[PDB]
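Colleague: from the sequence below, what's the structure:
(2 chains, ligands or ions: 2)
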Number of protein chains: 2
Amino acid sequence: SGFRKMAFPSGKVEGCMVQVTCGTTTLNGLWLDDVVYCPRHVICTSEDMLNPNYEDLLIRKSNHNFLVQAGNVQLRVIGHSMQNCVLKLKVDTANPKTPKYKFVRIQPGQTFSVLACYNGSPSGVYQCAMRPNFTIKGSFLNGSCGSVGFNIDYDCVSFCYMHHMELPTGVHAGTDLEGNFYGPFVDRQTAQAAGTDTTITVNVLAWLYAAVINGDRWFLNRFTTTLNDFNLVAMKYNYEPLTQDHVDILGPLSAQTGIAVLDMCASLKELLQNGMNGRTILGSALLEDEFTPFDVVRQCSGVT
Amino acid sequence: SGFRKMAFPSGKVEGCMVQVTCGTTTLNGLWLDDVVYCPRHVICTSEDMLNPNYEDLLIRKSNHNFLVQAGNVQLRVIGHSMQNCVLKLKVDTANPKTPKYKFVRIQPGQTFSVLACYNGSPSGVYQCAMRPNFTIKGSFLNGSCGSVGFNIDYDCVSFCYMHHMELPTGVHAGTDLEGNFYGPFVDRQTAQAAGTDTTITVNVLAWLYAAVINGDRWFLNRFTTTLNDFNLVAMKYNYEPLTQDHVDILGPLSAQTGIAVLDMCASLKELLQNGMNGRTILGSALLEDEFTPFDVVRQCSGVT
Ligand SMILES: C[C@@H]1COc2ccc(Cl)cc2[C@@H]1C(=O)Nc1cncc2ccccc12
Ligand SMILES: C[C@@H]1COc2ccc(Cl)cc2[C@@H]1C(=O)Nc1cncc2ccccc12
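Modeller: Numbering: from 1, shown residues only, chains lettered A, B, ... in the order given. Ligands and ions are numbered 1, 2, ... in the order given. Take a look at the structure below.
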């Protein structure tokens, strides 16, 4: 028992982290096979970031200008190319530690682990969610760009995120591994509206099931609700509308505990309306939305 | 910016995880050099756990009875010995992936990362603290015993914890790497009093400094306090008494923000007395005590 904001073991991703330097700009790169993937803003100076013409900036760069270092060894760059907001530096050596991998585009509300890196060296790993407004509430300092987000299915690492920018609001934005931004962000130092965020309802419910599994049962009540009634409360509290697909996704957790999905929705409704009255659920004094139903089943079953 | 419950990258510890089986009991082992360290209860059956005589139980076991497997390869056991509550199985092969390491005994209030393992395979990593009553609030299922806790100083892994037991209360207990239990626990399936826990005051203050660094400043007030006055409030709320060593440990954070340690104690006092009035600090609706002043400086500076 016990429930933690657990991250995937970062070992398979630690072996891919390299440092990429171009001019006076240094950030992190991801070495898979004979390709190093890094944010394209590695070619910009601090001044360039205000309004960069990346096509023009890259035109001034050659293979020898991209210095790629893995630990203490230099990688020879035999080709560079820009795909959306990332740079792909083809190196002459395939990474001997390349794990099985995929590049995936996660959906908003999905979770992933981030291995925060500085100068190609990993500093820590943490679990977080893609917010419904396509931002992440990470912990990133200058030089952390190129740090990646991922999920792990036994031996296959599914890379979903690459860190690029911190918005003036202190929240973070990045791309999938093909350089496409999650959300409406552009890689320019300008004010960018993140948009209204909502709470991931399916995730809060999944975490309520985890609390029941792990002993916290005080929030369970003698009530039930319908999707339409629950959704009226969800709108009032800026929670994502719950659909039948969210209910179906909660199926196994509903089976485990025997608490019908709509009955748990009625528990969430009373918590939204009445608060927690100074009590905790799984050590939290708020309603946690960074655990998916998949995460909850995985953590409570033991999936390695 | 941003502040997360970040764990150390688990890669150097993933390479040490093995599966140890004895009879019908399987748990996790830690392979460093030519020694595999695992909880001594691997020799017990479910019945033995009620009142085990480990000296007698081990007398029935030989080197060939301990099956040690790393991934898909079998390790040859050339010697076994019991040190306190751990077993040391000498193997004929040194682990090719042994990192630089130390065995340390952490102090209550200190933090560490845990790589939860099942059948010698890592499932996830999470950051947690040694509670003042020498328990940990982990996330551990059956078969997770032998999972280790650690800290990492550049390339040196300092192993501080090995998981052994889940108390009826749902909290967890374990040993240092020399098999000594943290706290008064014995490795028997009997009711064991965990003892009164307190909140780690130096850690809450450190996290208040992190919130100031990262933007949350609403809890700052026009007040100051003394150690004696603050400690009277600390006792009333079951918080650890703050000493001058705790103040000195908070020195660098006090310098960074320019908020005197006693001024921050006065902010904590008003939060204890008035609550948070439905507001959050670093995304939490309670007072977080699982970040040490060292953790806060490390995360806010970028230490790799
Ligand atoms: C500094 C500029 C601002 O404008 C843009 C604009 C676009 C892009 Cl893709 C990057 C940046 C840079 C940035 O946000 N980098 C960072 C990313 N993460 C954490 C950071 C912590 C502190 C300092 C910078 C961080
Ligand atoms: C089950 C017995 C109980 O008595 C003792 C007594 C002493 C010892 Cl050192 C181990 C155990 C075992 C135990 O707690 N193991 C576990 C440790 N962690 C998580 C667990 C989740 C579920 C089931 C067991 C877990």
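
Colleague: just checking, what packs against whatever helix or strand residue A:231 lives in?
Modeller: Under the criterion DSSP states H and E, the helix or strand holding residue A:231 is helix A:227-236. Applying 3 or more C-beta pairs under 8 Å, 6 or more residues apart in numbering or on different chains; DSSP states H and E, one finds that helix A:227-236 contacts helix A:261-274. Where C-beta positions appear, they are placed from N, C-alpha and C, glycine not excepted.

Colleague: is the helix it packs on positioned near chain B?
Modeller: No: applying C-beta under 8 Å from any C-beta of the partner chain, one finds helix A:261-274 separated from chain B by no less than 12.3 Å.

Colleague: pull that helix out as CSV, backbone CA atoms only.
Modeller: Extracted in CSV, the C-alpha atoms of helix A:261-274 (Å, rounded to 0.1, in the frame of the first residue of the first chain):
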residue,chain,number,x,y,z
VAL,A,261,-18.1,5.3,-11.5
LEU,A,262,-21.2,7.5,-11.0
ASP,A,263,-21.1,6.8,-7.3
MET,A,264,-17.5,8.0,-7.2
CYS,A,265,-18.6,11.1,-9.3
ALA,A,266,-21.1,11.8,-6.5
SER,A,267,-18.2,11.7,-3.9
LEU,A,268,-16.2,14.1,-6.1
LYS,A,269,-19.3,16.4,-6.4
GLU,A,270,-19.6,16.7,-2.6
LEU,A,271,-15.8,17.3,-2.3
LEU,A,272,-16.0,20.1,-4.9
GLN,A,273,-19.0,21.7,-3.2
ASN,A,274,-17.9,21.2,0.5
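
Colleague: could I get the buried residue list for the helix or strand following it?
Modeller: Counting by DSSP H and E, the element after helix A:261-274 in chain order, helix or strand, is helix A:293-301. In terms of neighbour count (16 or more other C-beta atoms under 10 Å in any protein chain shown), helix A:293-301 has its buried residues at A:293, A:295, A:296, A:297, A:298, A:299, A:300.

Colleague: what lies in contact with the next helix-or-strand element following the helix holding residue A:231?
Modeller: Downstream of helix A:227-236, the next assigned helix or strand under DSSP H and E is helix A:244-249. Defining contact as C-beta atoms under 8 Å, 6 or more residues apart in numbering or on different chains, one finds that helix A:244-249 is touched by A:201, A:202, A:205, A:227, A:261, A:262, A:293.

Colleague: any idea which of those has the most stuff around it?
Modeller: Within the contacts of helix A:244-249, most neighbours by other C-beta atoms under 10 Å in any protein chain shown means residue A:205, with 28 neighbours.

Colleague: stretch A:149-157 and chain B in contact?
Modeller: No: Stretch A:149-157 lies apart from chain B when judged by C-beta under 8 Å from any C-beta; the minimum separation is 8.8 Å.

Colleague: I misspoke; the intended subject was stretch A:295-302.
Modeller: Yes: under the criterion of C-beta under 8 Å from any C-beta, chain B is reached by stretch A:295-302 at A:298, A:299, A:300, A:301, A:302.

Colleague: for the fourth one, which non-adjacent residue is spatially closest?
Modeller: Sequence neighbours aside, residue B:141 is the residue nearest to residue A:301 in space, at 7.6 Å (criterion: C-beta to C-beta, 6 or more residues apart in numbering or on different chains).

Colleague: you'd agree the one you found is in a strand?
Modeller: No: counting by DSSP: H, G, I helix; E, B strand; the rest coil, one finds residue B:141 to be coil, located in no strand.

Colleague: counting neighbours, what do you get for it?
Modeller: 15.

Colleague: run through who's touching stretch A:255-265.
Modeller: Outside stretch A:255-265, the residues touching it (C-beta under 8 Å, 6+ apart) are A:205, A:208-209, A:212-213, A:220, A:223-227, A:230, A:242, A:247, A:250-251, A:254, A:300.

Colleague: how many neighbours does the residue in the stretch 1-150 of chain A that ligand 2 sits nearest to have?
Modeller: Using C-beta to the nearest ligand atom, the point where the stretch 1-150 of chain A gets nearest to ligand 2 is residue A:1, with a distance of 6.1 Å. The number of residues packed near residue A:1 is 15, by other C-beta under 10 Å.

Colleague: and it, how far from ligand 1?
Modeller: Note on residue A:1: its distance to ligand 1, by C-beta to the nearest ligand atom, to the nearest Å, is 36 Å.

Colleague: is stretch A:52-69 anywhere near ligand 1?
Modeller: No: using C-beta under 6 Å from any ligand atom, stretch A:52-69 stays clear of ligand 1, coming no nearer than 8.5 Å.

Colleague: got the contact list for that stretch?
Modeller: A:18-23, A:29, A:31, A:36, A:40-44, A:48, A:74-75, A:77-80, A:82, A:87, A:89, A:91, A:120, A:187-188.

Colleague: distance between the ends of that stretch?
Modeller: End-to-end distance of stretch A:52-69 (C-alpha to C-alpha, to the nearest Å): 26 Å.

Colleague: for it, which positions count as buried?
Modeller: Buried residues in stretch A:52-69 (16+ other C-beta under 10 Å): A:52, A:54, A:57, A:58, A:61, A:66, A:68, A:69.

Colleague: restricted to strands, list the residues you listed.
Modeller: A:66, A:68, A:69 (DSSP state E).

Colleague: pick the one among those closest to ligand 1.
Modeller: Nearest member of those to ligand 1, counting by C-beta to the nearest ligand atom, is residue A:66, at 17.3 Å.

Colleague: in the sheet, who's paired with the closest one?
Modeller: residue A:22 (DSSP bridges).

Colleague: list phi and psi for residue A:133.
Modeller: phi -90, psi 10 (degrees, to the nearest 10).

Colleague: ligand 1 contacts on chain A?
Modeller: Close to ligand 1, as judged by C-beta under 6 Å from any ligand atom, chain A has residues A:41, A:49, A:140-142, A:144-145, A:164-166, A:187-189.

Colleague: could you identify the most distant pair in those residues?
Modeller: Largest separation among those by C-beta to C-beta: A:141 and A:188, giving 20.3 Å.

Colleague: follow-up on the earlier one: top of the residues of chain A next to ligand 1 by number of neighbours, please.
Modeller: Busiest of the residues of chain A next to ligand 1 [other C-beta under 10 Å] is residue A:164, holding 26 neighbours.

Colleague: that one is in what secondary structure piece?
Modeller: With DSSP H and E as the criterion, residue A:164 is inside strand A:156-166.

Colleague: now do the buried residues in that strand.
Modeller: Neighbour counts over strand A:156-166 (16+ other C-beta under 10 Å) mark A:157, A:158, A:159, A:160, A:161, A:162, A:163, A:164, A:165, A:166 as buried.

Colleague: what lines up beside that strand in the sheet?
Modeller: Here, using DSSP bridges, strand A:156-166 pairs with strand A:100-103 (parallel), strand A:148-153 (antiparallel), strand A:172-175 (antiparallel).

Colleague: list the buried residues for stretch A:168-177?
Modeller: A:171, A:172, A:173, A:174, A:175, A:176, A:177.

Colleague: please apply the same query to stretch A:13-27.
Modeller: Quick answer for stretch A:13-27 (16+ other C-beta under 10 Å): A:13-23, A:25-27.

Colleague: as TSV, those residues with distance to residue B:5 would be great.
Modeller: Formatted as TSV, these follow (distance: C-beta to C-beta, whole Å):
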residue	distance to residue B:5
A:13	19
A:14	19
A:15	24
A:16	24
A:17	21
A:18	27
A:19	26
A:20	29
A:21	31
A:22	33
A:23	36
A:25	30
A:26	27
A:27	25
